[PDB]
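# Analysis of the macromolecular model
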Amino acid sequence: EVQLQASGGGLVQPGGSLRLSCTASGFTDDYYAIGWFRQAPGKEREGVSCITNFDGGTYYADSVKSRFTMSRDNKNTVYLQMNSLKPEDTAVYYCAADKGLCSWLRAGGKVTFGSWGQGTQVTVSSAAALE
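Residues numbered from 1 in each chain as written, not as in the entry; some residues may be left out. Heavy atoms only, no water.

This entry lists X-ray crystallography as its structure determination method and reports a resolution of 1.76 Å.

Considering all chains together, one arrives at two disulfides under this definition. Each sulfur of the disulfide joining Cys-22 and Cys-95 lies 2.0 Å from the other. Residues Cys-22 and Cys-95 are joined by a disulfide whose S-S torsion is about -80°; by sign, that bridge is left-handed. Disulfide partner of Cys-50: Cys-102, at an S-S distance of 2.0 Å. On the sign convention where negative is left-handed, the bridge of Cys-50 and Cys-102, at about -75° about the S-S bond, is left-handed. Given the relative accessible area of 0%, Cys-50 is considered buried. Judged by its relative accessible area of 9%, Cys-102 falls in the buried class. Disulfides within the protein chain link the bonded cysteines, taken in sequence order, as 1-3, 2-4. (Disulfide = S-S within 2.5 Å. Buried < 20%, exposed > 50% of the residue type's maximum accessible area, 1.4 Å probe, protein only.)

The tally for this structure, following the rule as stated, stands at five salt bridges. Taking the shortest distance from any N to any O, the salt bridge between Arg-38 and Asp-89 comes out at 3.0 Å. Residue classification places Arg-38 among the buried residues on the basis of a relative accessible area of 3%. On the basis of relative accessibility, which here comes to 0%, the residue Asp-89 falls in the buried class. One salt bridge in this structure joins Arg-67 and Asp-89, with 2.6 Å as the shortest N-O distance. The pair formed by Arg-67 and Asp-89 is uniform in burial state, with each residue classed as buried. A network of salt bridges, in which partner residues are shared, links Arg-38, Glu-46, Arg-67 and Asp-89. (Salt bridge = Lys/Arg side-chain N within 4 Å of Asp/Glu carboxyl O.)

Here it is as structure tokens:
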């Protein structure tokens, strides 16, 4: 059965790091794409990153291109390493997969002809130093 299991959210200080994971099960077509989009408080959805299963090509939204890195573990997991985190990165992050489109990277961050899992909260705040 097709599943997208997520994990790795939390509260971190600005300049910090967090890693999100998404384990994709049951995908047998070579042409899927997997990645993330996010929903920041009071903002419209925004695409974050995408990896195409064919060729392993990686795509990033301009807002995260030099700070975030996506990687894969062939068990069926993709990782989003977030570094130099900024308060504006605070959002609910959703793992998504589509039919090789990376649709959520178009303006508006809307998945089309795809699938998405449950959100994971990532908060970047000075409040994190108070644990």
